[PDB]
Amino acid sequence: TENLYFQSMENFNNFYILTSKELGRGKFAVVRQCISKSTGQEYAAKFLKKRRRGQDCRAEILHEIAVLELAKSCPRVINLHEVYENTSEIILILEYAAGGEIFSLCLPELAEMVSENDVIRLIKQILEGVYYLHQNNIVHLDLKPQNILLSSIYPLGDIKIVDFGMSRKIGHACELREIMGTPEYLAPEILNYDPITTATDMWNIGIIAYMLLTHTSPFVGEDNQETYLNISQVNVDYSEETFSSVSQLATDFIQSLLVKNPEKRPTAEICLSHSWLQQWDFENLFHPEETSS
């Protein structure tokens, strides 16, 4: 039956070799490192299954590629290089991010806390990306720490937002796919079936900052029941033990985002002006208001 649209699998295997480094696996998706045979350049090949739960999902995948294509120009978003297709898969040849997931910097078992300088930088960069997406009426809707990557870890590199499979336009219906995300990263409005808002992304940015500063998930519980209660009650550990080494300004940033009412959360643009993220690079010469004149 189906005619293929994208570049042939025979061309894929001619131009690239897969490496033994599997990068991620989900129910309908596998990501594996590959190398260009001609240049030696590394990429991440994302293999997306077209058939899902009975459904022909090529239209969905095409939409995901449209979104990636629009957002390509923003350096905080992962870059799409090529697309290939075979009987069962559409394969995205994406930018390789050698640092892996920002989640690795949030793990309880990591001993080194990332410096405040670094957390500030990383949050700024994530906000720049989200600002760009929101300016183009794209809500990501799955901004879990596993979907933000780093270009390197030694030294600490730059941010790349990935995985636009849940992304929608502003004010689209909160449907069966939304209410099925990762339970601990879902916003209150998602649980309560309110429509999609840019504010949902901002809540997720609150979580990322909390996780970078405390190495603890703010809402996960005993069970998913307690997770959902924690989300809907907005029950967050701000205790002095957890926050003794976290600045007030960072606390303020998180608290202004982790609020039940999506309309009270500031926009990406306003967040970029937050006092917390205003930092002078000590290597630059500051030019004060009182001039030599």
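Between two forms, the rigid core is the largest collection of C-alphas that superpose within 1.5 Å. Start at 1 and count along the sequence shown; that's the residue number.
Superposition on the core shows that, in 8 other deposited structures of this protein, the C-alpha atoms drift more in one of 101 to 109 and 143 to 151; this is 101 to 109. Modelled in this chain, residue 178 is nonetheless absent from a third or more of the other compared entries whose models extend past it on both sides. Higher mean CA temperature factor, per the PDB entry, when comparing 21 to 29 with 270 to 278: 21 to 29.
Once the C-alpha B-factors are averaged per stretch, 116 to 124 and 166 to 174 rank with 166 to 174 first.
Between the residues 191, 150, 211, 205, it is 191 that shows the highest Cα B-factor in the PDB record.
Highest C-alpha temperature factor among 140, 160, 72, 81, as the PDB entry reports it: 72. Among all modelled residues in its chain, residue 47 ranks in the lowest third by Cα B-factor. Sort the chain's modelled residues by C-alpha temperature factor and residue 252 lands in the lowest third, per the entry. For residue 64, the recorded CA B-factor ranks within the lowest third of the chain. Only modelled residues enter the ranking. In the PDB entry, a CA B factor belonging to the lowest third of its chain's modelled residues is recorded for residue 87.
Compared with the other modelled residues of the chain, the Cα B-factor recorded for residue 97 ranks in the middle third.
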